[PDB]
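Chain order of the listed sequences is C and B. Counting from 49, one number per residue, gives the positions in the first sequence under PDB author numbering. Counting from 49, one number per residue, gives the positions in the second sequence under PDB author numbering. For each residue, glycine too, the CB sits at the ideal point set by N, CA and C. Structure first, commentary second.
Protein chains: 2
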Amino acid sequence: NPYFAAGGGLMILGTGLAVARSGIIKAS
Amino acid sequence: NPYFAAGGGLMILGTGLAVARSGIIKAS
């Protein structure tokens, strides 16, 4: 679990990257 | 985590490859 609790964090920050790219593109 | 922190980087550069192929095709 703790060695593989980072996959969820990378998925979370990747969803954040997609929301930021989408929202960032809308702002631009 | 650090042994598997490369899966996120490969996914990132693969998304970059898709954006570059899409954008590169548009430029061509």
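* Asked: So with Cβ pairs under 7 Å, would you call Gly57(B) a contact of chain C?
  -> No, no contact with chain C.
* Would you kindly work out how many angstroms separate the C-alpha atoms of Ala68(C) and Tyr51(C), rounded to a whole number? => Each residue's alpha carbon lies about 27 Å from the other.
* Interface partners of residue 90(C) on chain B, CB under 7 Å -> This structure gives no information on residue 90(C), because the portion of chain C shown stretches from 49 to 76.
* **CB contact check: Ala54(C) to chain B, cutoff 7 Å** => Yes - at least one Cβ of chain B is within 7 Å of the one on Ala54(C).
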